[PDB]
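Examination of the molecular architecture
Below, each chain spelled out in residue letters.
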Amino acid sequence: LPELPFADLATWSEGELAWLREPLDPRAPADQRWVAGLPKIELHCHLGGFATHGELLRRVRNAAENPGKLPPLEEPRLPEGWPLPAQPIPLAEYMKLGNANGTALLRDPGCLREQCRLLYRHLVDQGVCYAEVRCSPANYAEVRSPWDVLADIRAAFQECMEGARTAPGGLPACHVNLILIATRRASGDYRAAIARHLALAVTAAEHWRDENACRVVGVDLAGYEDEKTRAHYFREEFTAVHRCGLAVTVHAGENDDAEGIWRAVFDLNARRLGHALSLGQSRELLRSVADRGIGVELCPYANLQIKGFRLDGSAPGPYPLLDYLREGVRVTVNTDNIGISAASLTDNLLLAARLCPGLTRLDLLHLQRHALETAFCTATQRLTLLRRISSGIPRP
Amino acid sequence: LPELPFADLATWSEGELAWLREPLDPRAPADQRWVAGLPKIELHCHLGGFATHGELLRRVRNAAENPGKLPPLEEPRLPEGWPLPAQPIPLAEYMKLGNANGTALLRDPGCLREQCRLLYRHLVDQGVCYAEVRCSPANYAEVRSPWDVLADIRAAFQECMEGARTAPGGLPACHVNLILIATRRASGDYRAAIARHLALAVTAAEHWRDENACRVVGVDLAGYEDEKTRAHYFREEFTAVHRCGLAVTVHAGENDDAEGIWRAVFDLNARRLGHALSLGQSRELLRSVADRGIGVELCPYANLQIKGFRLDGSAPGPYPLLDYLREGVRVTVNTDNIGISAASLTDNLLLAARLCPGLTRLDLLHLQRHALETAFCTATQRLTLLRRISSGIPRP
Amino acid sequence: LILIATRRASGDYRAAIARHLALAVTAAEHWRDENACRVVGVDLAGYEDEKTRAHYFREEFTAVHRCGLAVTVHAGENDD
Amino acid sequence: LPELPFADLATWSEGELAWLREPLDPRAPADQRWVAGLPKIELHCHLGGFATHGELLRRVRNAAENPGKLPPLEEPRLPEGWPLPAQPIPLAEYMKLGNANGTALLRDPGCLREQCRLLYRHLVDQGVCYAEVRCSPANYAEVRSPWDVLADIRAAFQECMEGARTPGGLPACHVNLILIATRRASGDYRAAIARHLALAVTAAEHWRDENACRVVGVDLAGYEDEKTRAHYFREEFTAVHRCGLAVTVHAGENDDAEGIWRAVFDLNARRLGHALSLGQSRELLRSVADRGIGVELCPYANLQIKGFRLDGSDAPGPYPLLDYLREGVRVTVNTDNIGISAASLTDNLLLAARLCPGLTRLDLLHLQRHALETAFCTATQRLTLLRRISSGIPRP
Amino acid sequence: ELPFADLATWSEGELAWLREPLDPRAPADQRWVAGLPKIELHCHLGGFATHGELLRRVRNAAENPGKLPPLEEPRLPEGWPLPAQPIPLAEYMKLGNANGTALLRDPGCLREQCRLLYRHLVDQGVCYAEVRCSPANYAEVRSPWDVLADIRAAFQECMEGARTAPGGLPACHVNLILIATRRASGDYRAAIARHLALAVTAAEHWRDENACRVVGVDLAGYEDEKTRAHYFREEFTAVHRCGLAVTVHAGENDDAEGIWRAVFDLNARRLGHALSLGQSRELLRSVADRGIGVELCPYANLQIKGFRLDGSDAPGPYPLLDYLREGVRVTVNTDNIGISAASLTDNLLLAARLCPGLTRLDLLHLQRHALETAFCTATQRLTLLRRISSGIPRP
């Protein structure tokens, strides 16, 4: 009782609690429907990887403003049993798998709004109550300016949000915010690109201030740390940017070095970390991360497809999800890429249950609580989401 | 009910909850009985200001190993109505008010051990379950070395621990940790002083690694932070400290400019702020402090005696406690100096209730939760203390 | 157009400087036609915020140069 | 005659004067006996390589307190004609040779005490009147804190000191301590350097007696993966300087002049390890000669590792000892690893005479005087040692 | 434990006499001191002849007399050699306005001043001196390089002219140390840079080890508040690689922080004055251990800061005996020969008067410290050691 993640669960029966304290069977239809009915919070999503195959690609391509400029349709072929491949693949082919929708197709003003609407519809269907889409406006800007792209994205999302307007008390069904990732065209001076990125983020944060609408809530740090020079440059940029009220998230990608995480935590003053699955090899770092309160984001399907991992209990190591939960770190489960990985949030949760045996049903609510506590919203929205999630859990 | 500060309160009578929601009456004997029996947590206590007057001074004085060099007995005269002085006084006189117990009396090992025993007995009488005592081993060492003084202090407190040993599961009644505060004699080269202090803290942290005994848990960047010289001295020395596994708790002093708090938060990587009564004039700083999760320590009696404030609804502004609680800042109530201010934790809480009208009884539990969350213990200790406080709340 | 700093040094002046330069850079990138009004430079007036509290954050002013903005400095009182 | 190293030699007449300026014969038993009785000073000795083979290893192994976990006895086989090998061997092989005594055997208090006693006895037997032993307490500590290891070492050496007590009440041989960095480059090196420096500072503060064992200086070397680490050391070594500790730098592989410049003028070193290539830059040699920095040379170790031509048979250049002495540099002769190299101080001096033809006995006396002048003792101890050395010289 | 080795060949009574307190007023000791070989390390060229006949001799050797400033000798205060009240440093500087820039902007005056200074140094019995000068001061039309070349040429001409016979070497070897300029009106950085560049170029130009050479620079006190912070960095780190020595003058205030910074950041090898070192034991121990010399001028210290004399009577006792006991390297110099109106012998005698109980062995100890602290080379060090050890007069 005293260690219950939510307070409403104290009104459940003893048998219901006993059921809740049992291992979860991922192949049971009842558990599938139960997980499907759960309200969820999503924190690691990419706008440029939503619809890369199937009917949705046709629907997106059929709404272009200039049909004569559309590139020819060429769907890449997925590897053997792509949802659960038998061999890990390098990141290059994983990125290449989504070449049918991205920079090539999102340069038409018509396609962008339709993609945003389809993503919002999918998010509403999944039952998510709060999401933070990540986009790079400069990529989809050749004849227009990045500000125009950002304004178009914000307008489309806000129009959808006002259009839905369900009744949890008059609020919209799903609140959506924005995070600005870096750019990929790092051929010229990366100093100019990073400066333009940060300046655009600051100006966008200042321009929109209404607390019940889309707001650029924080910058993303792709890092791309080829050399220490970027570390110094955006260290100074963050000495500039911390005063404007913007959150910082750092993606810990390849080689997952401990020195990089130390520098990111104690010099860039980050509040969330991306992936970074190698943390149990240094007790000091794990303890510091646990006590300070920095959240950690994990994507089951993407990690399995890229790095490769043991499944169903049968040389990759075990998935470090149960260890983090036992130690007290704040871990979350996200979808990363929806179109490339071809898996929704529910499938991600069930697969994460598969990777770590013995995961109980209470741990899903613990993950939701951690995601709620690690978000980038305000206190009023935090209490709102707490009330919503506390009273939405379906009983067995 | 979803915004409850605990989980045991769920199974409470509706009349009990309504009573909990009512404003607190500070002059009611029943409320005094209720606040007396509460389990408490203390985070701001000084060893050098425990017994500066009365029979305790006599008991400490007589227990000296070598009474030959005891300074002549003279108890300083307290000002008029010292519990609630009519007019503010500067901090210097407040410091001299406790000149009969300190450097002079503690240079004898027997006096040090007796004072430690008496402080532990007083704390266990007050009912606190976990306290953090600040001490400066340097000032109590003239012929001996700082290491000997620290070892003596640790041995005395651990002996009291292993003597008490109550039965919540075999654990002692009150856990006690140590925080090393910088020395006051700023006559010699301050670089050597701060270097010796930091090295002693690091070595003491390394030596004692047991998780169920007294151990140094953090350092204190005190007033002699060299803020005059080039905005302190960057982060050169602390870069070592953070990796070793120590905590930093900056103490805001006079003036209290926002720039100092900004630098302490974002350059010292601190986790707790001392006093800092002026935070409502800058919205950005308040929002950042609330979002990151940095705790704030407040002492009502000391603030009233030194700074001076209006009381019971009758130029300083209103006490910034209710505003901090509403905005989400993690505030705590402490005692600062027990003997100099002539007050305990219970009297401090009652005076805090008097200072801000309309303070409810629920906010006391909110303050206790905030104090518990921002302590310097481990996850297992945190869970044990949380269960203890949850099960120790007396019903009306 | 040239963007000078502001007068109200009430809040955090560093935040004001950062917002000033961010607005300048974004406006410079937004309008790029060479036959229309466009932000052409900034004025680090008031000596940024005077050497009393700001001196010269040289490492801060290395982004405006790469983005193609000119810098004008006002010499006010004293003029050492 | 003003060029005489000591005043006592001014009454030593024509016979001894003539006998002194002649080249020393290393194969004459009379010369060997004369060298044997000379008072000596040692400045480069390692505690971890004293007893590695033979009966001494047997005695050290026998005098243990937990024989149940003593690693099995295994002696690595020495290379061909090991005292004087015919071909140089790499440093890694040199380290591999002494694996019979080190981190394995010395994790037991009895073994450590026996090793200290045996080293003191051997040093007394040779005739050394002042030595500085380098040790790394962090290595010999798995279940004990480094402070316990340091206390054990100091207590053993002080007990032996007080036991000997032979020249006006002073002990037979004075011994001090120098803290050398560790070997395990697995964890963050920042933590290791911080712990090393803090332990050095605290140990220097604790024992302040002028007539007992005491930590006299830190070895600021053994770790130069990136010299930017040494740059951070430049940032934080003000502490160790102001605390009053000496600095010694070991320059081994490559031995670039830039590193020597940085060590001399940025780390403020007072002694240099090895550094066999200094005549290739006349400005550096002039600076080193003028400032007064000392240079440590180990003949047997340099011959075994780097390789040099004996008896002037002519390829690395000739041994730079004579040139260094002629130019004015302060060069000393040490044993480095007594056990692994299997050679005492007398053997080292005789081999130094053999390596560089034309060396005289007055040069040996000059070497001893330089070693005395470069030591890390105090002025009173300096004068006492000078008197003892001057009085102790035997006539042929 | 004797400063020199030749002293071991003296009779027992001579050593017993040498181990007795020195009487500064006995006519016997005054003649013994005057015959000792001496080493000078703190002398200024711009303050040598400022009063009396020497000023007239310098003035009568000008090249264009039509622009010579009119005669005006400043009036000395009450009992100038030994005043009753210390005077401020500024007034001390004003006392020697009869000589300096005004009279030394003439080439012939500079030549005659150099020759007279050499004559005086030879007369006093000095065997090695290091004159300090600031060539930027005496340059209104000619460049500083011309002034430096003229000074060096005059000194080398005198050195070759004397050429006595201790083994073919000159009677007195003279080197040069560059001082920062005084016209603190223009840009600070420009003056510092020109000073250092001139020093480096002069060091490179002259390399013969038997002639006048620029041996080091003086980094005085041109560093005030934040100039102090910034200048104390890489720009002084370059000159170490260039191959020069650095001496720092610590005058007024004399806070321990400045001495710490000078020792451990400027890598100095000599400290000027710095009479307050016993207030911080760690600093004194570090200075004694590293081997940095300290320069003390008795007459100037007494006339500026004021001090107790003859054991009688708020400045404390002179910190000369204490520094000697603690192991520091201490030296006795003349500072200004014209303003203070005293020579090396008088300075030594008054140093004996300042600290009662000073024996005759400490004088030779001071000479040994001066020899060990100088900026010569190893060959010169050995030659000077041999010269000094074979020149001490027996009682």
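Structure determination for the deposited model, as stated in its record, used cryo-EM, and the stated resolution is 3.26 Å.

Looking at the PDB entry, one finds chain E named Adenosine deaminase domain-containing protein and attributed to Limisphaera ngatamarikiensis. The record lists the entry's title as "The structure of type III CRISPR-associated deaminase apo form". The annotation that UniProt attaches to chain E under Cofactor (unreviewed entry) is "Zn(2+)". In UniProt, chain E has this text filed under Sequence similarities (unreviewed entry): "Belongs to the metallo-dependent hydrolases superfamily. Adenosine and AMP deaminases family."

By the naming in the PDB entry, chain A is Adenosine deaminase domain-containing protein, taken from Limisphaera ngatamarikiensis.

1. Brief notes about the pattern of salt bridges
Under the defined criterion, the tally for this structure stands at 82 salt bridges over all chains. Between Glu284(B) and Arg19(C) there is a salt bridge whose closest N-O contact spans 3.6 Å. Linking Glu284(B) in helix α10 (residues 283–292) with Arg19(C) in helix α1 (residues 13–30), this pair reaches from one chain into another. On the basis of relative accessibility, which here comes to 38%, the residue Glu284(B) falls in the partly exposed class. Across the pair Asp218(E) and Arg132(E) runs a salt bridge whose closest N-O atoms are separated by 2.4 Å. Of this pair, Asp218(E) sits in strand β4 (residues 214–218) while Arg132(E) is found in strand β2 (residues 126–133), placing the two residues 86 residues apart along the sequence.

2. A few points about the relation of the copies chain B and chain A
Of the transformation superimposing chain B on chain A, the axial component is 0.2 Å and the angular component is 179°, with the fit at an RMSD of 0.9 Å. Overall, the copies show the geometry of a two-fold rotation axis.

3. Observations regarding the interface of chain B and chain A
The partner chain A presents 20 residues to the 22 residues of chain B that form the contact. In total, chain B and chain A occlude about 2200 Å² of area from one another, counting both sides; carbon and sulfur atoms represent 50% of this. Ranking the residues of chain B by area buried against chain A places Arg243(B), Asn269(B) and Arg292(B) at the top, with a combined share of 25%. In this structure, the connection of chain B to chain A is made through 3 salt bridges. Between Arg271(B) and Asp291(A) there is a salt bridge, with its nearest N and O atoms 3.7 Å apart.

Rules of the game
Residues numbered from 1 in each chain as written, not as in the entry; some residues may be left out. Chains lettered and ligands numbered in written order. Part of a larger assembly, values for the part shown. Heavy atoms only, no water. UniProt positions renumbered as here; feature names shortened; annotations may be inferred. Salt bridge = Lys/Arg side-chain N within 4 Å of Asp/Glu carboxyl O. Helix = DSSP H or I, 4+ residues; strand = E, 2+ residues; numbered from the N terminus. Buried < 20%, exposed > 50% of the residue type's maximum accessible area, 1.4 Å probe, protein only. Least-squares fit on C-alpha atoms. Contact = heavy atoms within 4.5 Å. Buried area = accessible area lost by both parts, 1.4 Å probe.

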